[PDB]
Amino acid sequence: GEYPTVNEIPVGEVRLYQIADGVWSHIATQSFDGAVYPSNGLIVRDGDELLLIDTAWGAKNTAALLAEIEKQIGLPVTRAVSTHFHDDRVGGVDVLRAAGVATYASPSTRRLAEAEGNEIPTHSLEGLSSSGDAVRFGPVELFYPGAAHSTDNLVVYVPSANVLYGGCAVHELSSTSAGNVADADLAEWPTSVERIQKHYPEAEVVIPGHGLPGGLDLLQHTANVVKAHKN
Ligand SMILES: C[C@H](Oc1ccc(CN)cc1)c1cccc2c(-c3ccc(CS(C)(=O)=O)c(F)c3)c(C(=O)O)[nH]c12
Ligand SMILES: [Zn+2]
Ligand SMILES: [Zn+2]
């Protein structure tokens, strides 16, 4: 019942965590440049179907995610959104697409994924190209806060439950560093976080791209660690 960590997640298996009624996170682990990392995604019930947010970081992890969803929830995943272009968000899109899931991302994410050699979601999400933009997608709202962890990062809000999924633009409270910042805009990131804070002041659960969910404090903490990283 505690939030899963790598010490309970061998690379290749996936765990789900119930966040609220009809909202789960998914947690998987992956190795990258010789270190092991956890990463989160989201599952949101969409009537008798499910909307998936982000892959489980890899083809085999994403196959394991689909099997875990079938075991624990038993409703079909019909659509998936990837919230930026890195492999913890799109790696596994080919698995999803061969399992009949329609895969979506912003045009910016699709272009960056293609240029990087990462898997490419099929469908483009328009209406998200300017910071502050929001669109509805099934039971969620997608929001583009501006450049942060990456120039294309999206956040996801579940209005029925006041769940804010920040993705990799939001870090967990225990973080001491701003993660992998190679594609980040450290100067713009606090402004983008401020936009999230202004847009979703009633969020009750905030889920980072990696690590433990918490409350709204994750947003200010993220701004703090980014500003200190920059400096
Ligand atoms: C999936 C991502 O791939 C790449 C990212 C950039 C590039 C540049 N061409 C190439 C590959 C990736 C690969 C490996 C690690 C990461 C991390 C990361 C790193 C450290 C922490 C602990 S912390 C906040 O306390 O420092 C953390 F939570 C997350 C993140 C993220 O920050 O989103 N992305 C990661
Ligand atoms: Zn990333
Ligand atoms: Zn990440």
Side-chain angles (χ1 to χ4, degrees), residues 3-17 25-42 52-66 68 80-97 103 105-106 108-121 147-155 165-190 192-193 207-213 218 221-231:
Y3 200 80
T5 79
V6 180
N7 303 293
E8 300 87 55
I9 307 164
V11 180
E13 20 171 304
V14 173
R15 291 295 177 263
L16 309 185
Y17 184 86
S25 65
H26 63 83
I27 312 88
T29 56
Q30 191 52 270
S31 281
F32 179 89
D33 279 36
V36 176
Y37 302 90
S39 84
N40 296 320
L42 204 72
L52 180 64
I53 310 298
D54 292 326
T55 68
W57 197 352
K60 288 175 83 173
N61 278 351
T62 300
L65 168 64
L66 294 173
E68 193 68 17
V81 171
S82 295
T83 59
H84 66 276
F85 73 100
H86 290 157
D87 188 60
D88 62 331
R89 310 296 135 195
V90 300
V93 152
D94 289 349
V95 162
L96 293 176
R97 175 161 49 233
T103 59
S106 76
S108 180
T109 296
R110 295 178 76 261
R111 285 186 287 274
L112 294 164
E114 172 172 45
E116 204 66 65
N118 296 345
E119 294 162 46
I120 309 162
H149 167 78
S150 63
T151 53
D152 61 323
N153 52 26
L154 299 181
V155 310
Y165 177 83
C168 302
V170 176
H171 281 294
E172 74 174 319
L173 287 176
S174 67
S175 62
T176 66
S177 291
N180 197 328
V181 302
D183 296 318
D185 186 335
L186 306 161
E188 202 53 50
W189 198 333
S192 298
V193 165
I207 302 166
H210 308 262
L212 309 179
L218 275 68
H221 177 68
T222 298
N224 293 342
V225 301
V226 167
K227 288 141 146 162
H229 194 306
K230 198 173 146 274
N231 297 331

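The chain is numbered in sequence order, starting from 1. Only heavy atoms go into these numbers, but all of them, side chains included; no hydrogens, no water, no symmetry mates.
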Next on the checklist: Quick one, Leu112 with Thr151, criterion side chain to side chain contact (heavy atoms under 4.5 Å, CB included). Give me CA distance, side-chain angles, the key distance, then yes/no.
Outcome noted: CA-CA 10 Å; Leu112 294 164; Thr151 53; 3.8 Å; yes
Next on the checklist: Distance alone, cut at 3.5 Å: any donor-acceptor contact between the side chains of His210 and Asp88?
Outcome noted: yes
Checklist outcome for this item: Between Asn153 and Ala148, the two heavy atoms sitting closest are ND2-CB, 3.3 Å
Next on the checklist: Surrounding CD of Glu114 (heavy atoms of other residues, nucleotides or ligands, distance under 6.0 Å), is the total greater than 12?
Outcome noted: no
N/O donor-acceptor pairs under 3.5 Å from side chains in residues 53-61, not counting sequence neighbours:
from	atom 1	to	atom 2	distance (Å)
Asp54	OD1	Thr83	N	2.8
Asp54	OD1	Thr83	OG1	3.2
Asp54	OD2	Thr83	OG1	2.7
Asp54	OD2	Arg89	NH1	3.0
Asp54	OD2	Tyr165	OH	2.6
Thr55	OG1	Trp57	N	3.3
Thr55	OG1	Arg89	O	3.4
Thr55	OG1	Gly91	O	2.7
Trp57	NE1	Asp87	OD2	3.4
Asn61	OD1	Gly12	N	3.0
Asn61	ND2	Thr29	O	2.9
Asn61	ND2	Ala56	O	3.0
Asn61	ND2	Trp57	O	3.2

Checklist entry - Which residues satisfy the side-chain hydrogen bond (donor to acceptor under 3.5 Å, both in side chains) test with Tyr3, sequence neighbours excluded? => result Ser25, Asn40
Checklist entry - So do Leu16 and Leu65 actually touch side chain to side chain, heavy atoms under 4.5 Å? => result yes
Checklist entry - Does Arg110 reach the main-chain N or O of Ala105 with its side chain, forming a donor-acceptor pair under 3.5 Å? => result no
Checklist entry - Taking only residues two or more places apart in sequence or in another chain, which ones pass salt bridge (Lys or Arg N to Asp or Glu O under 4.0 Å) with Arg97? => result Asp94
Next on the checklist: For a 4.5 angstrom cut-off between non-hydrogen side-chain atoms, does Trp189 reach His149?
Outcome noted: yes
Next on the checklist: Using the side-chain hydrogen bond (donor to acceptor under 3.5 Å, both in side chains) criterion, which residues pair with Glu116? Sequence neighbours excluded.
Outcome noted: none
Checklist outcome for this item: Correct closest heavy-atom pair for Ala28 and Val14 would be CB-CG2, 4.0 Å
Next on the checklist: Go through it in stages, so that I can follow the logic: the residues are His86 and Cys168, the test is side chain to side chain contact (heavy atoms under 4.5 Å, CB included), and I'd like the CA-CA distance, side-chain angles, deciding distance and then a yes or no.
Outcome noted: CA-CA 10 Å; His86 290 157; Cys168 302; over 6 Å; no
Item to check | Flag, side chain of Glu188 to backbone of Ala147, donor-acceptor distance under 3.5 Å | outcome: no
Item to check | Pairwise distance CG(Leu42) to CD1(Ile207) - rounded to 0.5 angstrom | outcome: 5.0 Å
Item to check | Exercise: identify the closest heavy-atom pair between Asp152 and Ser108 | outcome: CB-OG, 3.5 Å
Item to check | Distance-only side-chain donor-acceptor flag, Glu172 / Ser175, under 3.5 Å | outcome: no
Checklist entry - Taking the side chain from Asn118 and the backbone from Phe85, do they hold a donor-acceptor pair closer than 3.5 Å? => result yes
Could you go through residues 222-230 and list every donor-acceptor pair under 3.5 Å that involves a side-chain atom there, pairing it with any protein atom two or more places apart or in another chain?
from	atom 1	to	atom 2	distance (Å)
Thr222	OG1	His171	N	2.8
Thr222	OG1	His171	O	3.4
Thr222	OG1	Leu218	O	2.8
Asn224	OD1	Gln220	NE2	3.0
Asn224	ND2	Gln220	O	3.4

Item to check | For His26, all residues meeting ring pair (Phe, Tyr, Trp, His ring centres under 6.0 Å), sequence neighbours excluded | outcome: none
Item to check | For the student: nearest non-hydrogen atoms of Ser82 and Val93, plus distance | outcome: OG-CG2, 3.9 Å
